[PDB]
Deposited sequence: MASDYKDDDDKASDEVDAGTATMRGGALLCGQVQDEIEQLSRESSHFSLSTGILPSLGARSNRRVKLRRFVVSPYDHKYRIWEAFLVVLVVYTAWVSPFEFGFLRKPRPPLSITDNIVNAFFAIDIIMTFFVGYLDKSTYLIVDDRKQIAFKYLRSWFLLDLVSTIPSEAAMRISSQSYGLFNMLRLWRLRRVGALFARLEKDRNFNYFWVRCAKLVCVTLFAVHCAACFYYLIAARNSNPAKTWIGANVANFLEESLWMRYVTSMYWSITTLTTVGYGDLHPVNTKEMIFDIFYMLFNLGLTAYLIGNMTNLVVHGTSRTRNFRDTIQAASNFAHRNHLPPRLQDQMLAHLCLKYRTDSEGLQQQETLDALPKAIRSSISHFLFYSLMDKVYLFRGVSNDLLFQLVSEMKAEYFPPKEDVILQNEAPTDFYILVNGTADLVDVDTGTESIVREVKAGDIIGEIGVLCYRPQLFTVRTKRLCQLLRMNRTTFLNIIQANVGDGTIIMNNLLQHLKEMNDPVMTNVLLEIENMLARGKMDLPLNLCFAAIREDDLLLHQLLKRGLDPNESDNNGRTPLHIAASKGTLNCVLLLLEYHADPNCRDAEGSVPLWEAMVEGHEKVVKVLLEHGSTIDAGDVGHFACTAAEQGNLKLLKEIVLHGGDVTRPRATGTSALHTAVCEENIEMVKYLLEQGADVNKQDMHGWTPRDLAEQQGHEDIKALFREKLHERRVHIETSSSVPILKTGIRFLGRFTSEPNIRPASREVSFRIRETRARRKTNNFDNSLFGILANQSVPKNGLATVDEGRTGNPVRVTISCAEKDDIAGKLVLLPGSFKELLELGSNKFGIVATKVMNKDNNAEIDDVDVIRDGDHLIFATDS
């Protein structure tokens, strides 16, 4: 019960802290300009002081960014190194985006000087600064410290808010830039717009955009002339896909999060209900559920370890195995006095594994393929040669399992049952023979083996007698 509950539960680097803390500051300005540019494009025809001053400030900041970005190295994809070549940095920045960044920094006063018909379509050029938020969202998605669900939710919220704002600004622009204002969507409802506060018109247009996007459609503020009808047709066509995309993303976030818990939940629910019904055992039913809980943990760790390995080079896997098991392997009785390099080679190919309690790692009278070594827990040696399952000896962490059968090429002697959650490490017979063959120190192993057979009475002696007869 307790276990089951637990289971359920002067250039600069592009990575400097002083540069990352400043690049992220430009996201605030990107948000500000993304809000301002459609509002200025729709509701304003001439630069007003309280907005023009801030626009000039932001343009100066982005010009500072442009003049600074020439001193920032990048990471080559074919080298994974900082380029640190001012010749290459400039010829990459110019080819990637330099004129687009430049045109998005000219103050609106200069645009008006060129032509008064401008300053509407010129402010929309400042939307080019929206690549920074996309790059930031990509980095956040490819980052571990930030939750995927909240990142996706924030991205969706930003997208829908920007769409609402842009649509509202465009639709109010269509309303205002029209003779006979009484024949417009807002002129047929208020009948006195272009005279009251800008805040009222902004909130009215935003309310219309929100009602149209969420498909509420109250009925006030509806298109009258043909241009508004066409724009609203296209807007609703976009909104259908936008809502479908939002629903799909929400479904995707809702699923695959609790999905991998449900396999465990139902595979244990079947066991629990089968135990509860059909002559419920007193305590055996409690034993089996703990075994299932341990197995679900064992295979997951046995798979995560297998997944993270076999994808790394041998040079680092060998180092990891040496860090984990070389110290423990020094206590192995067979490898006593052998050359030190052979120990390293053996450790580098040990293939650690895990086993649930009451599991038969080796069964009696089987083909000799592998020999095991204990790391954690303990196991009991049993044999059915006498007709009964009686234990012979208990092996603790630090002894070999079934080494007699593999060395002498004969079927195993005793069935090994792990009375506890045991971590083992097994290496094949063919690999052992290959390693021994490409070496000169191998007599010590057989001397240690034969010495060990003497310490056990009459169980190995028959095998020892056979080996002595077979050696001659």
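Missing C-alpha coordinates mark the following deposited-sequence intervals, in order: 1-27, 37-69, 533-879.
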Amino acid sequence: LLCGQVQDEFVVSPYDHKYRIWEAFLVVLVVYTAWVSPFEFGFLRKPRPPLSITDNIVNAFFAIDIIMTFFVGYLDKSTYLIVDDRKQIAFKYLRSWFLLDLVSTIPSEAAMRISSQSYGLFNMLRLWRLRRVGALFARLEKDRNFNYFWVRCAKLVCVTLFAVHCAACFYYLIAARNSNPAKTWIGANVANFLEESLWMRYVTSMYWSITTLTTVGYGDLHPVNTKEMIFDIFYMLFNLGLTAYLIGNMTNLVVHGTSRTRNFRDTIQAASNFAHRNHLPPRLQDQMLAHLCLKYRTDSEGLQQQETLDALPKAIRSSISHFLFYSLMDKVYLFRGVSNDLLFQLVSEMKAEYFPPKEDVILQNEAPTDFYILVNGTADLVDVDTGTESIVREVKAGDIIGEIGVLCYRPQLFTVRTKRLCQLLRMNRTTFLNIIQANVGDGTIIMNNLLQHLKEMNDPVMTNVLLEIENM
From here on, numbers count along this sequence of modelled residues.
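If you superpose the two forms and keep the largest set of C-alpha atoms that fall within 1.5 Å, you have the rigid core.
Superposing on the core and measuring CA offsets in 4 other deposited structures of this protein, the stretch of 411-419 and 50-58 with the greater mean deviation is 411-419. For the pair 94-102 and 354-362, greater average C-alpha departure from the shown form in 4 other deposited structures of this protein after core alignment is found in 354-362.
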